[PDB]
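A short write-up of the structure that comes next.
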Amino acid sequence: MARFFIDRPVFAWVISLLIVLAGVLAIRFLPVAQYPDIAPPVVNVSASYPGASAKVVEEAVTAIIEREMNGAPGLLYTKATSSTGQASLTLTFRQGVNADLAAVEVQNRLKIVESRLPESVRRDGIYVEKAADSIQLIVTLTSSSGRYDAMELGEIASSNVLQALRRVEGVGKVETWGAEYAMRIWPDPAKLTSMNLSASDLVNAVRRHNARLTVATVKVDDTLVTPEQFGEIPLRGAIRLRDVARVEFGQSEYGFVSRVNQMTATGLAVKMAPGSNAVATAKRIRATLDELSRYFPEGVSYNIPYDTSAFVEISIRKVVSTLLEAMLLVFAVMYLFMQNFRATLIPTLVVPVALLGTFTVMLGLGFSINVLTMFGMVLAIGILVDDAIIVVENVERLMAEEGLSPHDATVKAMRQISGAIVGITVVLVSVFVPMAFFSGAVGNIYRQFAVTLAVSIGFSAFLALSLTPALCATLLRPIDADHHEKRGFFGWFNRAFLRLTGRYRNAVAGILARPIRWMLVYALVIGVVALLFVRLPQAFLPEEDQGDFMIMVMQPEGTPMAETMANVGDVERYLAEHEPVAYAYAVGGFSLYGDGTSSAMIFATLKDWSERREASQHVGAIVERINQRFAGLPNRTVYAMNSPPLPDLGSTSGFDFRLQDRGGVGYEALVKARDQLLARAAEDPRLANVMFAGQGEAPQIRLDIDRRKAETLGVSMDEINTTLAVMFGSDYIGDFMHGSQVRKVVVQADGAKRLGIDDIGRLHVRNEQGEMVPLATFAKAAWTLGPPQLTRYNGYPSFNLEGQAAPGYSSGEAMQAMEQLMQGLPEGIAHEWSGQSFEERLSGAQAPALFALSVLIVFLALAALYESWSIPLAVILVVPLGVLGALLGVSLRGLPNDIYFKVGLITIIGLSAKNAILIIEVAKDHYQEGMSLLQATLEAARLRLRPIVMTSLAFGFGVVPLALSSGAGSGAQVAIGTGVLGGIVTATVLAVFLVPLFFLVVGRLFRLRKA
Amino acid sequence: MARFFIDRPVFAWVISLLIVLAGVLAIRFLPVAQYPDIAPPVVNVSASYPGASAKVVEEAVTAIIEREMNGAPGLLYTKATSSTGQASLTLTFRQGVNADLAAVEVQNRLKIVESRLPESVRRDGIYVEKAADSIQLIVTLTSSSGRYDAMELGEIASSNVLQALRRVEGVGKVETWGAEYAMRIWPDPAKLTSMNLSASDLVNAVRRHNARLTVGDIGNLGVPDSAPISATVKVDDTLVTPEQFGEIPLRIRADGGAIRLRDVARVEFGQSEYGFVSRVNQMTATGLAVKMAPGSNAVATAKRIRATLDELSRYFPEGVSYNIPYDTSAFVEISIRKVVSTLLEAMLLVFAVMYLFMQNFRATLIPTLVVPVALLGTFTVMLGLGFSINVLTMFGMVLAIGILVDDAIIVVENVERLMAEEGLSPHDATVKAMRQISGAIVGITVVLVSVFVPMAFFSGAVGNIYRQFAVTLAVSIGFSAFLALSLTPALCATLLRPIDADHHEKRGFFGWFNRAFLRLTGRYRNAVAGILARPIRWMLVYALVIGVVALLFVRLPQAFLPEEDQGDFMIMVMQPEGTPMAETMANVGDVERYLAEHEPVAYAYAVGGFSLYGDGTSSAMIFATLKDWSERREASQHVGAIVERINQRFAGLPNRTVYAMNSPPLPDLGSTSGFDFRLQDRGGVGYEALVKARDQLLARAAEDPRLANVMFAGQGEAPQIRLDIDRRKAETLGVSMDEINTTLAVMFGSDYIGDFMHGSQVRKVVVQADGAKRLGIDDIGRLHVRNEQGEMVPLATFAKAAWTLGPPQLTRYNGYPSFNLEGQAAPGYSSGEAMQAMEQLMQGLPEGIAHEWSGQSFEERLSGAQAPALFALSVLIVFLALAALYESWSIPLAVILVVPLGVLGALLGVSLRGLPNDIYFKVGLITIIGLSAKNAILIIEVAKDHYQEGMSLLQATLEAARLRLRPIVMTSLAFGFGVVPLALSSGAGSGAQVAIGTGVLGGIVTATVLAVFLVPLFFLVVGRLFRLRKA
């Protein structure tokens, strides 16, 4: 199609302009994130059973819900945890299903068995949510004036900040943590002993008293549901202000302890709406917070102690800068060689248009701009530059070597290269597309953009076959005699390169003269590539310094909120002393529990990477100082999540072993079996570190209820629960503490401070008649060592076991070994692989199959291009040369065989394949002219030397910055750099000295002949 | 293309290899199903109202829910089954509606009307499952020996098998036909009355104790104050043992609450399901039904079910083995396999014919290479379009083979002509021949595709079926055309060697064949000249042929799809309602022993308490899987004869009426093998009047010869206690709440206090009154409803026994009371004829009684309407395409005139073997019309060329026929041989192949014999009448 566009420059210009406009609009509309969503759709079901035993919770809430959920469409697996007071059922759904529809179905299935569940949970209501536990940005309002209560600050936030943030563009939810104003019934612990508490009766009286008219403008506007109104409501001396309530309550609604750098604030979490540019949304939030800060009564200073958007923005900046600098370097190299400003301008114009077309296609398919997208964009710009530069170089050499006018030179050059261009486009497509077939969306994105960037070279089949030929036909002007080659650096460089080309041709002739030796050298290259590939660790994503670290203080099942705050303060002080933390906002609860008193979350934002340049000031080293040194206390399990990777799914050899099947075996029996299995796994060499992730059994106490005696007596079982409520009892609620606002009322013995332990099996219980009779007479409290949380997998109480494969042992091999080690365990116990293990069990041989398919397709396409069944074999043989350099560089650097490295290796393969195809095509053309194989090969090597050198130099120098990255996203950049740079260097040199040898060998072997 | 691919053989080979690889991958990814997916989205809303009769359930649950759902988007039709104690609502939505979204809408409407439903119904829960109503798979846990009893096997299945079966993808509903091992309590109404204790109060106390006890939130979390010990007191009073359930306290007297459950009830950890008795091959085993969700492939789902069962067996307790006694998809798999083998045989036969004619291995080889490439490309296109690997698509490929070879045959023959006559090099000969024949190839392909174009425009499920076949065939033909323009030219340019020096007609049998064909050609030339001598006579003969075609097509009966030997059937053993389960299973065992003794039955699963007609103690069904078709190759051992023998063996048994049916064809469309008829009652004529109309219609069906085995699916009325509760009395007495009435009714039925933790899972707690006491005639009268004030107010105050004959269940089809009248087509009468006979007899029934067809019958009526118009449109399109091809408005008329001969052949073929006008027949008719038109083109084009050259019209026709005898015979013979295995198929899937092959074979046979003697006549007559100009 080149001839058409060469004749119609305005046509090609129009096509390019359309592409550019589409790209601009696509960038305007494209979603932006750090990483694309890869996690399978997951539905979280949460329920709260106030004051319920973990075993009780498992028996009623967990089991029924889990059993009913079985049958939902595409329910890949079900995991359930039964803690005390609450239960969580994570339902992992197979990929391809819409999370929203799955959530609706889950809600309906919950409705099916709503009645069976206990009434208290029914009041609380089962909460179903699509798994989106991504708090991207956090806003906190500290007491700037030092005169604002935590609940007061929270009131200011909810009144103003809450709604405005909800209205802000791209905000999924703005859930809050700040403490509120709820009442807390605070009776003495002798209330039952002196007269009676019977708080159930008076709370029921509270609910009954609060009433509204049922019939129409007439209504009642009288309702007393407040601490002050509790002296006016009948609270059943007895309990009231008029009766004896005395100690009312305190701390309002005690909640998440929010301290921004040891300064009280209000917890206001924010999550980005899925599909919205995080950076731009952050900007919106910032402006809105400025306005609201001006609103604030000069005590509500807004602080951002956490914003993931910053790292996303800086990484995108790094990539975009890399693109711009690469274009600049391409300009530099093309000026160095061509020495014609217009010729320099041509590819500098062509390349961005193809990039914009890639952007358009990306928006069309729905792929979102992410660090993977942009990082691979930097991979294919070199390939983008390569095709434009080879086209324009072929055009200009004809203008120089011959006297063809720009139009004629363009026509002849396109006649020479066009078919090769088509073939190369097809080959690159067939080498990049197979990456999509992987069940990893990482590879899918790294495909889609790279595929449409080789089809940006296909847009170049509408540009480098349409626009670039047109531009060369018009922008290029005939060489000004030899004025382009003066006595300056440019001219000397040109002459020197001519001398170098002569030397190179002589060396290539020498190599061809003794083919056997150099083919043996190539076989040695194969061996070296193999051995380097073997001695290389495997990884999925290189972690980087996000600029923030998360700490969780796990403490014994329940610790006094004062004690938890003490430990939090200790951690915060340690961070403020020996760590470079810009903001160290601390929030109680949260962590794994979500509101657990023992649990505590520390969101600590590091300083700028510039001041933390020292390796000891890297997030890895900073987290290393935490979790030990200061941390590591026996009871105080303070662990810092070391920059949790945004795709929290990468696992090299993690084994999600689940001893799910109970088959009736007691919990004790399952514990025994778990111990035996983990010991044997440790013994077996195929297996590596094996742990029981479940928390070890903690000390506890049980109370065998005197239910039989309560049958004999007037004491009801609910009366026994009420007596517990008197002494060890809470979590009920009230309503309308402040107007329409619904708050809670909680009974607490001896006001706030009960200070009682011997209350266990000691308190008396007045019967239905009212006679004081200790339930301890027949009910007994006994010390125990029960488990903290009960985990059930797929409807079977399970012991989640996490293990890795031993060094050098295959992950699947180790999984088979795990199964065999289990084999022989007591009957009723079985295994069920989950997560990475489950997916691997489903299919793990996709990679070799699609690689072989890609090789076959490439061979067939090359056979079509060369019109022979033998010539492509050389192009196939070219491949390992590029791999050699990537392996060498990654080995010297010490970086692992990460996804970045693999994709860069594929890109290097593509570049070297393009160069080889060009070389061999030109050599074949010369041979078909009549020139002997040797001489034709030498001529092709001479001709296809300068474009290859220019391509390699430009791309390598563009990649060098990434290979020398300094923090702020350094990991991924250096992986990509190292890989691509090594591949480029070795690929280029070995190619220009071996591909002629390959063609010569094939020609001699298969007796290639003229047409 | 032609010259391009000729000059670059490597490129052509590369393209073909790419197509082959794509086909291989597509086959690897293509789904497999017997018939193209035609299942409409269906959602079954099931509810239970224990202690309520069919009338009570109808008026309290089914009516309200049906009214609410009425008006939903899509919702093609609504089927309501108000059984006694259970409500069923099958809502069938229109094809294409998102099943999940429809289910969501149903859930929303259920939410709307939930507040008006009985509270007990809410407690039981309304299960809205997007499932079908046909038991595709059965899983039976057989004990090795008496290690596990029925209850043990049922519990094991529920603990492990049930959840995993529900977990697999594609399953819609897993019915349980075993036991649940749930706490069974048996309160004595006599004892309760003697102690003046209401059963509801007992239920309340049991639920009270069953409820798990709780604690507070002080001493562990928040502010535990001085709690260094965890001291999170773990409630230890939950009751599991039946003794503990007995211990539950009841009304406490002055002496004490000595009255417990044990005093007035029998507590035992027995099974909860007493209404299902399952035996596999006369071996007691628990059973779990599996109904595939609509939209599932139902083969891969079966495979994954088998894999999951394998793993569970790996973890089964010693002595438990899973077994599948009834699988529908196995026939699908084996039939697809057989069709593939038939395709291979057809390829071999076509190769044989082409070698017999060309007599050169390479020239014969080229089309043989062409065939599979086109087939694989068609497979890839099918994958792109979503067409699954179906019997019709595979039929399309099998028919395609012979329609694909011909193009390559023509190309090769032209290349041979030029290479030999003009002494051209294979390259040059190929180039010139391709230059001359490319347009002809493209045109012929276009006409062929045109003939199939309208058949893709059918509507409905038959629309999908015809579309799949037609598109498959058309794509195959298009690929053949492309290959004949790309691959075949290259192969002829390179593979074809120059004609062997002095080719002495390949002396031998080939030489004899050539000489005999030359003599036959002379005789044929003389015959054609004789026909042309007196054109009027032979044209009159052709008009007579048209009349014969019309007569035959009128006589031919119309049907939907031929029945096949599925290899599995179902024996509905019906007993009078109320018949004890024990003797019902005894009769079922009699039937099973008869099966084992005489019939070739591999597996005979027998379940008592389940039937398509209804679920009851009398109801029973035997899912029997036959032995392999190879062992049952004898006609007497085919499924039909077996079913007839079973029916006759247990005929004349009103005490135990036994009816055997074959597995319903197209199970997705309908669950009834015979045509399904709904006798709805639009007008308020009345239930009794509807009964009278039903009986009258059934008598008419019995006397009508065209109808057989026409009966009411629902069981007859049984004498039952018609306990009525006005519930206004409940208002006056102070109860003012049906909840206590509901508790008493479910005490008569099955009351559930709640659930208790058992072993690893949670089992149920049931309180059913003792069997003898429960069946007590005046137990309801003697019992007292607990008043709101606790008063033992006599339940008889608003209880009226009033024993009366009552229907066991009620059916409301499309919001109208209806009676399901299933019927079978009598021998010698097609399904369409049987349905029309049912309609004719329906005329004369009283007003307000409306006839209706559902399932396959509805689709059959829909298919019948649109059949002729699309065929006429096919004829029109073909005529216009030919007119374009010949660049005249006269010449195409002859090619159109050719069609009736092929139609005659198809009609004769089906008439001789008694095959009705089914879907396969119409498909074969379309294909035959196409190929006959192709041959007519082949002859007429040469005739036209000769005429315009200067040869006289008669001379032109004669010479064209002489030159075309060999190609026409070759192509027709290739196609015919390719279709031969279909007509001669025997085994699983034999019926479909026999139908289509018979039609196509007859058509092609006449579309050649009649063609070679009338197409020249047609050309001569047209040339004379329309004065064809020599231009």
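Letters for chains follow the order of the structure tokens (A, B, ...), residue numbers begin at 1 for each chain, and ligand numbers begin at 1 in the order shown.
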Within 7 Å of chain B, which residues of chain A come that close, and what is the closest atom pair and distance in Å for each? Count only C-alpha atoms and give it as a tab-separated table.
```
residue	atom	partner	partner_atom	distance
A:51	CA	B:216	CA	4.3
A:52	CA	B:214	CA	5.0
A:53	CA	B:234	CA	5.8
A:56	CA	B:212	CA	6.7
A:59	CA	B:757	CA	6.3
A:70	CA	B:167	CA	5.8
A:71	CA	B:166	CA	4.9
A:74	CA	B:169	CA	6.4
A:75	CA	B:167	CA	6.9
A:108	CA	B:107	CA	6.9
A:112	CA	B:125	CA	5.2
A:113	CA	B:125	CA	6.5
A:115	CA	B:123	CA	5.6
A:116	CA	B:123	CA	6.8
A:557	CA	B:220	CA	6.9
A:558	CA	B:221	CA	3.9
A:559	CA	B:221	CA	5.7
A:560	CA	B:223	CA	4.7
A:561	CA	B:222	CA	5.5
A:597	CA	B:222	CA	5.7
A:662	CA	B:760	CA	6.4
A:663	CA	B:760	CA	6.6
A:664	CA	B:760	CA	5.0
A:699	CA	B:230	CA	6.3
A:700	CA	B:230	CA	4.8
A:701	CA	B:231	CA	4.7
A:702	CA	B:234	CA	3.9
A:703	CA	B:233	CA	5.0
A:704	CA	B:236	CA	4.2
A:705	CA	B:237	CA	5.4
A:707	CA	B:237	CA	6.3
A:711	CA	B:249	CA	6.0
A:721	CA	B:215	CA	5.7
A:724	CA	B:215	CA	6.1
A:725	CA	B:216	CA	5.4
A:728	CA	B:218	CA	4.2
A:729	CA	B:216	CA	3.3
A:730	CA	B:217	CA	4.6
A:731	CA	B:217	CA	6.3
A:753	CA	B:225	CA	6.1
A:754	CA	B:225	CA	6.1
A:755	CA	B:226	CA	4.7
A:756	CA	B:226	CA	5.3
A:757	CA	B:227	CA	5.3
A:830	CA	B:315	CA	6.9
A:860	CA	B:14	CA	5.8
A:864	CA	B:11	CA	4.7
A:867	CA	B:10	CA	5.8
A:868	CA	B:10	CA	6.4
```
Can you spit out the residues from that selection as a compact mmCIF listing (two decimals), in the first residue's frame, using N, CA and C atoms?
```txt
# COMPACT_ATOMS: atom_id res chain seq x y z
N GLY A 51 -21.25 -10.90 71.88
CA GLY A 51 -20.96 -11.77 73.01
C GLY A 51 -21.28 -13.23 72.76
N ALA A 52 -20.66 -13.82 71.75
CA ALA A 52 -20.87 -15.22 71.42
C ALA A 52 -19.54 -15.94 71.34
N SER A 53 -19.53 -17.19 71.81
CA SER A 53 -18.33 -18.00 71.73
C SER A 53 -17.98 -18.28 70.27
N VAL A 56 -19.62 -21.32 69.19
CA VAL A 56 -21.03 -21.00 68.97
C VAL A 56 -21.21 -20.27 67.65
N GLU A 59 -20.94 -22.71 64.84
CA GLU A 59 -22.08 -23.61 64.74
C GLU A 59 -23.28 -22.96 64.06
N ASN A 70 -22.80 -22.54 48.92
CA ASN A 70 -22.48 -23.58 47.94
C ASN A 70 -23.59 -23.71 46.91
N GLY A 71 -23.25 -23.41 45.66
CA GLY A 71 -24.23 -23.45 44.59
C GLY A 71 -24.32 -22.15 43.82
N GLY A 74 -20.26 -20.01 39.65
CA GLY A 74 -18.83 -19.76 39.60
C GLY A 74 -18.19 -19.54 40.95
N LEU A 75 -18.66 -20.24 41.98
CA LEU A 75 -18.07 -20.12 43.31
C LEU A 75 -16.83 -21.01 43.35
N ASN A 108 -29.13 -12.57 48.03
CA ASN A 108 -30.36 -13.35 47.99
C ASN A 108 -30.21 -14.67 48.75
N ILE A 112 -32.19 -16.25 52.01
CA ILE A 112 -32.84 -17.56 52.11
C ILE A 112 -32.80 -18.09 53.54
N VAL A 113 -31.66 -17.96 54.20
CA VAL A 113 -31.48 -18.50 55.55
C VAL A 113 -31.32 -17.38 56.58
N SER A 115 -33.73 -16.22 58.49
CA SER A 115 -34.51 -16.58 59.67
C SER A 115 -33.75 -17.54 60.57
N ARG A 116 -33.08 -18.54 59.98
CA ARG A 116 -32.40 -19.55 60.78
C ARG A 116 -31.34 -18.93 61.68
N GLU A 557 -5.87 -11.89 72.51
CA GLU A 557 -7.23 -11.84 71.98
C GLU A 557 -7.96 -10.56 72.33
N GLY A 558 -8.03 -10.24 73.62
CA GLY A 558 -8.44 -8.91 74.03
C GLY A 558 -7.47 -8.30 75.01
N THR A 559 -6.93 -7.13 74.69
CA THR A 559 -6.16 -6.37 75.66
C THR A 559 -6.90 -5.08 75.99
N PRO A 560 -6.80 -4.60 77.23
CA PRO A 560 -7.43 -3.33 77.58
C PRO A 560 -7.06 -2.24 76.58
N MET A 561 -8.07 -1.49 76.13
CA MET A 561 -7.83 -0.44 75.14
C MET A 561 -6.75 0.53 75.61
N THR A 597 -9.97 -4.86 69.51
CA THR A 597 -9.33 -4.01 70.52
C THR A 597 -7.83 -4.25 70.57
N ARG A 662 -12.87 -32.65 57.65
CA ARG A 662 -12.90 -33.05 59.04
C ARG A 662 -13.33 -34.51 59.20
N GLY A 663 -14.29 -34.96 58.39
CA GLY A 663 -14.75 -36.34 58.44
C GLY A 663 -15.14 -36.81 59.82
N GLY A 664 -15.47 -35.86 60.70
CA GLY A 664 -15.82 -36.16 62.07
C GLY A 664 -14.68 -36.12 63.06
N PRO A 699 -4.40 -19.32 76.18
CA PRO A 699 -5.13 -19.61 77.42
C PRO A 699 -6.52 -19.01 77.38
N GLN A 700 -7.45 -19.67 78.07
CA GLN A 700 -8.86 -19.30 78.03
C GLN A 700 -9.53 -19.86 79.27
N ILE A 701 -10.82 -19.58 79.40
CA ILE A 701 -11.64 -20.18 80.45
C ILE A 701 -13.03 -20.43 79.87
N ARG A 702 -13.58 -21.60 80.15
CA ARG A 702 -14.94 -21.95 79.77
C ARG A 702 -15.82 -21.98 81.00
N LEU A 703 -17.13 -21.96 80.77
CA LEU A 703 -18.14 -22.00 81.83
C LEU A 703 -19.23 -22.99 81.43
N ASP A 704 -19.16 -24.20 81.97
CA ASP A 704 -20.28 -25.12 81.80
C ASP A 704 -21.50 -24.56 82.52
N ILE A 705 -22.53 -24.22 81.75
CA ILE A 705 -23.70 -23.57 82.32
C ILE A 705 -24.49 -24.58 83.14
N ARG A 707 -27.45 -25.33 83.07
CA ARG A 707 -28.71 -25.29 82.34
C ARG A 707 -29.72 -26.25 82.95
N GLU A 711 -33.14 -25.33 84.67
CA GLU A 711 -34.43 -25.97 84.42
C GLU A 711 -35.16 -26.23 85.74
N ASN A 721 -27.62 -15.35 80.89
CA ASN A 721 -26.98 -14.39 80.01
C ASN A 721 -27.06 -12.98 80.59
N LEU A 724 -24.42 -12.67 83.32
CA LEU A 724 -23.17 -12.39 82.63
C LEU A 724 -23.12 -10.92 82.22
N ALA A 725 -24.19 -10.44 81.58
CA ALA A 725 -24.29 -9.04 81.17
C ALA A 725 -24.02 -8.10 82.34
N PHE A 728 -19.90 -9.74 83.17
CA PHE A 728 -19.12 -9.75 81.94
C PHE A 728 -20.10 -9.64 80.77
N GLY A 729 -20.46 -8.41 80.43
CA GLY A 729 -21.52 -8.22 79.46
C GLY A 729 -21.61 -6.87 78.80
N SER A 730 -21.71 -6.86 77.47
CA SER A 730 -21.71 -5.63 76.70
C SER A 730 -22.25 -5.87 75.30
N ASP A 731 -22.06 -4.88 74.42
CA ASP A 731 -22.30 -4.91 72.97
C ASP A 731 -23.76 -4.72 72.58
N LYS A 753 -14.55 1.01 85.27
CA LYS A 753 -13.54 0.11 85.84
C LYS A 753 -14.22 -0.92 86.73
N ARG A 754 -14.48 -2.10 86.17
CA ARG A 754 -14.95 -3.21 87.00
C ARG A 754 -13.84 -3.73 87.90
N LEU A 755 -12.63 -3.87 87.35
CA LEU A 755 -11.46 -4.36 88.07
C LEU A 755 -11.75 -5.69 88.77
N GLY A 756 -12.35 -6.61 88.03
CA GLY A 756 -12.70 -7.90 88.59
C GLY A 756 -12.32 -9.08 87.73
N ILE A 757 -11.66 -10.07 88.35
CA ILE A 757 -11.32 -11.32 87.70
C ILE A 757 -12.03 -12.50 88.36
N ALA A 830 -8.43 -34.62 54.70
CA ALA A 830 -8.04 -34.49 53.30
C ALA A 830 -7.40 -33.13 53.07
N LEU A 860 6.19 -20.58 10.01
CA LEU A 860 5.33 -20.57 8.83
C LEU A 860 5.30 -19.19 8.17
N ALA A 864 6.57 -18.13 4.42
CA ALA A 864 5.82 -17.33 3.45
C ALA A 864 6.63 -16.14 2.97
N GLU A 867 9.61 -17.29 0.86
CA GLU A 867 9.21 -18.21 -0.20
C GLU A 867 10.11 -19.44 -0.23
N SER A 868 10.45 -19.94 0.95
CA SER A 868 11.27 -21.14 1.07
C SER A 868 11.05 -21.75 2.44
```
Pick out the residues sitting within 10 Å of residue 225 of chain A, and hand them over as JSON, numbers by chain; count only C-alpha atoms, and ignore anything fewer than 6 positions along from it in its own chain. {"A": [183, 206, 207, 209, 210, 231, 232, 233, 734, 735, 736, 737, 738, 739, 742, 743, 745]}
Can those selected residues be exported to a file as a PDB file, in the first residue's frame so that it contains N, CA and C atoms?
```pdb
ATOM      1  N   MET A 183     -23.936   6.378  74.416  1.00  0.00           N
ATOM      2  CA  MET A 183     -24.063   6.179  75.850  1.00  0.00           C
ATOM      3  C   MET A 183     -23.549   4.794  76.244  1.00  0.00           C
ATOM      4  N   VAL A 206     -36.803   0.847  77.657  1.00  0.00           N
ATOM      5  CA  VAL A 206     -36.301   1.951  76.837  1.00  0.00           C
ATOM      6  C   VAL A 206     -36.879   1.859  75.433  1.00  0.00           C
ATOM      7  N   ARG A 207     -36.764   0.678  74.828  1.00  0.00           N
ATOM      8  CA  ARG A 207     -37.267   0.499  73.469  1.00  0.00           C
ATOM      9  C   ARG A 207     -38.780   0.696  73.399  1.00  0.00           C
ATOM     10  N   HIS A 209     -40.776   2.416  75.473  1.00  0.00           N
ATOM     11  CA  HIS A 209     -41.137   3.802  75.753  1.00  0.00           C
ATOM     12  C   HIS A 209     -41.000   4.666  74.507  1.00  0.00           C
ATOM     13  N   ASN A 210     -39.860   4.570  73.827  1.00  0.00           N
ATOM     14  CA  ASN A 210     -39.678   5.271  72.565  1.00  0.00           C
ATOM     15  C   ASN A 210     -40.730   4.808  71.570  1.00  0.00           C
ATOM     16  N   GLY A 231     -32.771  10.102  82.503  1.00  0.00           N
ATOM     17  CA  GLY A 231     -33.426  10.487  83.737  1.00  0.00           C
ATOM     18  C   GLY A 231     -34.902  10.786  83.589  1.00  0.00           C
ATOM     19  N   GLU A 232     -35.392  10.914  82.356  1.00  0.00           N
ATOM     20  CA  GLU A 232     -36.803  11.147  82.083  1.00  0.00           C
ATOM     21  C   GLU A 232     -37.515   9.926  81.524  1.00  0.00           C
ATOM     22  N   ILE A 233     -36.804   9.060  80.807  1.00  0.00           N
ATOM     23  CA  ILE A 233     -37.346   7.786  80.341  1.00  0.00           C
ATOM     24  C   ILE A 233     -37.477   6.869  81.551  1.00  0.00           C
ATOM     25  N   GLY A 734     -28.396   1.260  71.910  1.00  0.00           N
ATOM     26  CA  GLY A 734     -29.597   2.044  72.103  1.00  0.00           C
ATOM     27  C   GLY A 734     -30.005   2.719  70.813  1.00  0.00           C
ATOM     28  N   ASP A 735     -30.575   3.916  70.903  1.00  0.00           N
ATOM     29  CA  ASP A 735     -30.980   4.658  69.716  1.00  0.00           C
ATOM     30  C   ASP A 735     -31.286   6.092  70.116  1.00  0.00           C
ATOM     31  N   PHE A 736     -31.211   6.983  69.130  1.00  0.00           N
ATOM     32  CA  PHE A 736     -31.642   8.377  69.264  1.00  0.00           C
ATOM     33  C   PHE A 736     -31.012   9.060  70.476  1.00  0.00           C
ATOM     34  N   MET A 737     -29.703   8.868  70.640  1.00  0.00           N
ATOM     35  CA  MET A 737     -28.997   9.560  71.711  1.00  0.00           C
ATOM     36  C   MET A 737     -28.890  11.058  71.454  1.00  0.00           C
ATOM     37  N   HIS A 738     -28.730  11.474  70.188  1.00  0.00           N
ATOM     38  CA  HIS A 738     -28.729  12.882  69.806  1.00  0.00           C
ATOM     39  C   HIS A 738     -29.664  13.053  68.603  1.00  0.00           C
ATOM     40  N   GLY A 739     -30.952  13.254  68.876  1.00  0.00           N
ATOM     41  CA  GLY A 739     -31.896  13.474  67.791  1.00  0.00           C
ATOM     42  C   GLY A 739     -32.060  12.230  66.938  1.00  0.00           C
ATOM     43  N   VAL A 742     -28.458   7.855  65.559  1.00  0.00           N
ATOM     44  CA  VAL A 742     -28.639   6.608  66.292  1.00  0.00           C
ATOM     45  C   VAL A 742     -27.312   6.215  66.928  1.00  0.00           C
ATOM     46  N   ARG A 743     -27.284   6.154  68.258  1.00  0.00           N
ATOM     47  CA  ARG A 743     -26.118   5.765  69.030  1.00  0.00           C
ATOM     48  C   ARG A 743     -26.460   4.526  69.862  1.00  0.00           C
ATOM     49  N   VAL A 745     -26.125   2.069  73.693  1.00  0.00           N
ATOM     50  CA  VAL A 745     -26.063   2.056  75.154  1.00  0.00           C
ATOM     51  C   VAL A 745     -25.511   0.702  75.585  1.00  0.00           C
TER      52      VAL A 745
END
```
Would you kindly return, as a PyMOL selection string, each protein, DNA or RNA residue with an atom no farther than 10 Å from any atom of residue 21 of chain A, considering only C-alpha atoms and excluding same-chain residues fewer than 5 positions away? chain A and resi 16+26-27+353+356-357+360
